[PDB]
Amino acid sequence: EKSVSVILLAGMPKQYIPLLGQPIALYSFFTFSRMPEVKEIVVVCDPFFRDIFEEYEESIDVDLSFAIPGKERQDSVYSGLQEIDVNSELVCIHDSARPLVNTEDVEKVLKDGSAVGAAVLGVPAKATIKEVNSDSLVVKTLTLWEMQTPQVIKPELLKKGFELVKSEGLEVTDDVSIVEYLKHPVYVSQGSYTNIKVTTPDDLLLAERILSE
């Protein structure tokens, strides 16, 4: 109970576009806030948009906090991280552009991150995917998973991760780069294909189509 801090990345921009009357960011915001495990939500957003969340503060069963976004996604995470409760035992990082994450999937990834130290929701990639070299030739082989959010990580591990990133200088080029640099295991919790990220005009449509089905 109340052991999880959520860092909600929400920094109109796509995540504030209404989906059946409700700004996209609020769907996942509410799904987390209903979970007894979740103590607090740190929303990382431009101050312009804070009222979208703060309107619901006395109606939700979590503490709401805010953090200013950074230039890169990892900067926004770090800013978020600085606001979580000092004794939270797990941090749950979520992209607000994924409004359709199911409670049941969040529960799974929370359990796996608690168990392993670091877990991310993933689905099996449907496309044929190949590594290609700098001569544009296929790197051959004789299973790939697409990562979603949440990403759930013990805060001490995330902090050592940042310390390593900051000090060395090492690059974040994809969304699981910090934990990779540690030699700590990262579990992939199987999610749902419905947990789409809303990027395009077209995605907005897909999300409405899924909220009605």
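Whichever C-alpha set is largest while still superposing within 1.5 Å between the two forms counts as the rigid core. Counting begins at 1, following the sequence as shown.
Enquirer: Between 47-55 and 160-168, which has the larger RMS C-alpha deviation from this form in 4 other deposited structures of this protein after core superposition?
Expert: The stretch that sits farther from the shown form in 4 other deposited structures of this protein is 160-168.
Enquirer: Do the Cα atoms of 176-184 or of 59-67 sit farther, on average, from the shown structure in 4 other deposited structures of this protein when the rigid core is superposed?
Expert: This comes out as 176-184, the stretch further from the shown form in 4 other deposited structures of this protein.
Enquirer: At a threshold of one third of the other compared entries, does residue 93 come out as unmodelled?
Expert: Looking at the other entries that model residues on either side of it, residue 93 is present in every one.
Enquirer: Checking the other PDB entries with both flanking residues built, is residue 142 absent in a third or more?
Expert: Residue 142: unmodelled in a third or more of the comparison entries.
Enquirer: How many missing residues of the deposited sequence lie between residue 23 and residue 24 in the entry, grouped as none, 1 to 3, 4 to 9, or 10 or more?
Expert: In the deposited sequence, nothing is left without coordinates between these two.
Enquirer: What stretch has the higher average Cα B-factor here, 159-167 or 57-65?
Expert: Result: 159-167.
Enquirer: Using the B-factors recorded in the PDB entry, average over the C-alpha atoms of 2-10 and of 202-210, then report which stretch comes out higher.
Expert: So the stretch with the higher mean C-alpha B-factor is 202-210.
Enquirer: Looking at 145, 187, 181, 27, which has the highest Cα B-factor in the entry?
Expert: Spelled out: the listed residue with the top C-alpha B-factor is 181.
Enquirer: Going by the deposited entry, which of 83, 135, 105, 72 has the highest CA temperature factor?
Expert: Within the set 83, 135, 105, 72, 72 shows the top C-alpha B-factor.
Enquirer: Split the chain's modelled residues into thirds by Cα B-factor; is residue 33 in the lowest, middle or highest one?
Expert: Middle third - that is where residue 33 ends up once the chain's C-alpha B-factors are sorted.
Enquirer: Can you tell me whether residue 140 has a C-alpha B-factor in the lowest, middle or highest third compared with the other modelled residues of the same chain?
Expert: It belongs to the highest third of the chain when residues are ordered by C-alpha B-factor.
Enquirer: Which third, lowest, middle or highest, does the CA B-factor of residue 172 fall in along this chain?
Expert: For residue 172, the deposited C-alpha B-factor lands in the highest third.
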